[PDB]
Amino acid sequence: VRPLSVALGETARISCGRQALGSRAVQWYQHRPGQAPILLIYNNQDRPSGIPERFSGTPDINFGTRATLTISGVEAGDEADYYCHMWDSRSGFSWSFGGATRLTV
Amino acid sequence: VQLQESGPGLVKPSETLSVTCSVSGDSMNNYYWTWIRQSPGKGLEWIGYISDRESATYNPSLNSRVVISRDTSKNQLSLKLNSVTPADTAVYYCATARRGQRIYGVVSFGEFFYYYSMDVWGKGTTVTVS
Amino acid sequence: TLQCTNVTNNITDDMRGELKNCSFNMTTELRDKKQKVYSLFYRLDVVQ
Ligand SMILES: *[C@@H]1O[C@H](CO)[C@@H](O[C@@H]2O[C@H](CO)[C@@H](O[C@@H]3O[C@H](CO[C@H]4O[C@H](CO[C@H]5O[C@H](CO)[C@@H](O)[C@H](O)[C@@H]5O)[C@@H](O)[C@H](O[C@H]5O[C@H](CO)[C@@H](O)[C@H](O)[C@@H]5O)[C@@H]4O)[C@@H](O)[C@H](O[C@H]4O[C@H](CO)[C@@H](O)[C@H](O)[C@@H]4O[C@H]4O[C@H](CO)[C@@H](O)[C@H](O)[C@@H]4O[C@H]4O[C@H](CO)[C@@H](O)[C@H](O)[C@@H]4O)[C@@H]3O)[C@H](O)[C@H]2NC(C)=O)[C@H](O)[C@H]1NC(C)=O
Ligand SMILES: *[C@@H]1O[C@H](CO)[C@@H](O[C@@H]2O[C@H](CO)[C@@H](O)[C@H](O)[C@H]2NC(C)=O)[C@H](O)[C@H]1NC(C)=O
Ligand SMILES: *[C@@H]1O[C@H](CO)[C@@H](O[C@@H]2O[C@H](CO)[C@@H](O)[C@H](O)[C@H]2NC(C)=O)[C@H](O)[C@H]1NC(C)=O
């Protein structure tokens, strides 16, 4: 777990510590305590049906750009921990789930 | 296809630990079934997945002592833990994933890798060791 | 003599050594002292 304090309204950009070493296929997860985790966006931009159309990820192009996630239009109840699942060509199978990200308003 | 998990929550240490998981809604023949365990004080830890050729892969940080048998008669996915340590107290999560493919070069040479995304998740069943 | 290691290993493909990551000793600056350097060599230019 890691600390990240935000407030209502202003957009928040959150990335993950693990750095890419190739072409990445990151996916983001929402672990609200108690309830089951929900997939926000896969393939760095491809959110599934149901997730609000306001969380936008960084597209993979011009290798080097950090994999950061945008949660603009944050709400009061956003007190969960996120998860950046990094898949890259070189690093191989990504068994680990990365580091969490506590949300505070 | 909300999965229902029937966990006892009370297993003696160094014994057998079995947790079942229902499927609900639709059958399970073209989907990948993963199992994720989250322990207090840390995040979730992916264990493995089973599908296709029935050759389920296991995490290299679990010593492969766990097995994931996928059943079709009763449509359940149980977990068989052997030689479990008394420090395995963690809530187990039952979820499935779809296997996409990422391509960066000529796919005839083999320039592509498979990545899995957990489309659906189960509420899970909290199980400890006593 | 180079202490080559596969750049990928358990990274991708069949563990092919198309590229090797070779570290060796060389005399940088002074002819007495020799520090450990490294470079990327192709499998076509290193003989075990
Ligand atoms: C010698 O000849 C050989 C043989 O011809 C050549 O070998 C070829 O070389 C090229 C170049 O390296 C390789 O291209 C790569 O292709 C992959 C895969 O592309 C295919 O699959 C994509 C996804 O398929 C999925 O979705 C579809 C439905 O959409 C579904 O049906 C399918 O089953 C699967 O589920 C398709 O989108 C893609 O379509 C593309 O090509 C069409 C023409 O075929 C064209 O009409 C389309 O408009 C579209 O352009 C195709 O079918 C590509 O993924 C890869 O490019 C990605 O990866 C590089 C790596 O960094 C990245 O820079 C690119 O930007 C791109 O990444 C985008 O897409 C990712 C996957 O969606 C996504 O995760 C990224 O975040 C990123 O997304 C962002 O950027 C894109 C860019 O515009 C943007 O659109 C997004 O919205 C977002 O902003 C490569 O291009 C070939 O694979 C390879 N082999 C073959 C057989 O072709 C060789 O090159 C020749 N060499 C010489 C010297 O001549
Ligand atoms: C080739 O091997 C060298 C080791 O001699 C690698 O250099 C190390 O890389 C790691 C990770 O980037 C660093 O933490 C070390 O400090 C590096 N050591 C030195 C002496 O530089 C190098 O990364 C390897 N290169 C490739 C492409 O695999
Ligand atoms: C480069 O030279 C160093 C010594 O300057 C080598 O490291 C030594 O390796 C021998 C192996 O038997 C050890 O007994 C020594 O203790 C090492 N000395 C050290 C680490 O200071 C090293 O193997 C050489 N590398 C090459 C030739 O690639």
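Can you tell me which residue within segment B:96-130, out of those that are farther than 27 Å from C:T12 by Cβ and within 9 Å of chain A (Cβ to nearest Cβ), is surrounded by the fewest Cβ atoms within 10 Å (Cβ to Cβ)?
The qualifying residue surrounded by the fewest Cβ atoms within 10 Å (Cβ to Cβ) is B:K123.
Counting only residues that are more than 8 Å from chain B (Cβ to nearest Cβ), out of contact with any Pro (no Cβ under 9 Å at 6 or more places or on another chain) and among the polar types (S, T, N, Q), give me the strands (runs of 3 or more DSSP E) lying completely in segment A:50-103 with at least 2 of them.
A:68-70
So, A:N44, is that one more than 16 Å from ligand 3 (Cβ to nearest atom), without any contact (Cβ under 8 Å) to a residue 24 or more places away in the chain, away from every other protein chain (no Cβ under 12 Å) and not aromatic (F, W, Y) or not?
No, not satisfied.
Give me a count of the residues in chain C that are part of a loop (DSSP other than H, G, I, E, B), farther than 22 Å from B:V107 by Cα and near ligand 2 (Cβ under 9 Å from one of its atoms).
0
Can you name every residue in segment A:1-41 that is outside any loop (DSSP other than H, G, I, E, B), within 29 Å of B:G122 (Cβ to Cβ) and away from every other protein chain (no Cβ under 14 Å)?
A:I14, A:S15
Given the criterion away from every other protein chain (no Cβ under 12 Å), in contact with a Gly (Cβ under 7 Å, 6 or more places away or on another chain), closer than 24 Å to A:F97 by Cβ and among the β-branched types (V, I, T), identify the matching residue among B:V84, B:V67, B:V91, B:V1.
B:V1
Can you tell me how many residues in segment A:72-96 are touching a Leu at 6+ places or on another chain (Cβ under 8 Å), of a type in the set (A, V, I, L, M, F, W, C) and buried (at least 20 other Cβ atoms within 10 Å of the Cβ)?
Counting residues in segment A:72-96 that are touching a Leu at 6+ places or on another chain (Cβ under 8 Å), of a type in the set (A, V, I, L, M, F, W, C) and buried (at least 20 other Cβ atoms within 10 Å of the Cβ) gives 1.
Across segment A:1-41, which residue is surrounded by the most Cβ atoms within 10 Å (Cβ to Cβ) among those that are of a type in the set (V, I, T) and touching a residue at least 40 places away in the same chain (Cβ under 8 Å)?
Ranking the qualifying residues of segment A:1-41, first place goes to A:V26.
Could you go through segment C:29-39 and let me know if any residue there is in contact (Cβ under 8 Å) with a residue 24 or more places away in the chain, more than 16 Å from ligand 1 (Cβ to nearest atom) and among the acidic types (D, E).
no
Would you check if there is a residue in segment C:10-17 being of a type outside the set (A, V, I, L, M, F, W, C) and more than 14 Å from every other protein chain (Cβ to nearest Cβ)?
So far as segment C:10-17 goes, yes, one or more of its residues are of a type outside the set (A, V, I, L, M, F, W, C) and more than 14 Å from every other protein chain (Cβ to nearest Cβ).
Return the residues of segment B:24-63 that are charged (D, E, K, R) and buried (at least 16 other Cβ atoms within 10 Å of the Cβ); say none if nothing qualifies.
B:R37, B:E45
Being touching a residue at least 24 places away in the same chain (Cβ under 8 Å), surrounded by 15 or more Cβ atoms within 10 Å (Cβ to Cβ), within 23 Å of B:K42 (Cβ to Cβ) and of a type outside the set (D, E, K, R) is the requirement here; does A:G99 meet it?
When the stated conditions are applied, A:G99 passes them.
When the residues of segment C:21-40 are filtered to those that are away from ligand 3 (no atom under 13 Å from the Cβ) and touching a strand residue (DSSP E or B) at 6+ places or on another chain (Cβ under 9 Å), which remaining residue is nearest to C:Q3 (Cα to Cα)?
Only one residue tops the list, namely C:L40.
Scan segment B:77-129 residue by residue and report those that are within 13 Å of B:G7 (Cα to Cα) and among the basic types (K, R).
B:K80, B:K123
Is it the case, given these coordinates, that B:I47 is of a type outside the set (S, T, Y) and within 14 Å of chain A (Cβ to nearest Cβ)?
yes
Would you confirm, using the coordinates I've provided, whether B:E54 is touching a residue at least 12 places away in the same chain (Cβ under 8 Å) and either outside any loop (DSSP other than H, G, I, E, B) or touching a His at 6+ places or on another chain (Cβ under 8 Å) (or both)?
No.
Bear in mind that the values in this text are calculations on the coordinates, not laboratory data. Please note: Cβ atoms are built from the backbone with ideal geometry, for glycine as well, and neighbour counts cover all protein chains shown.
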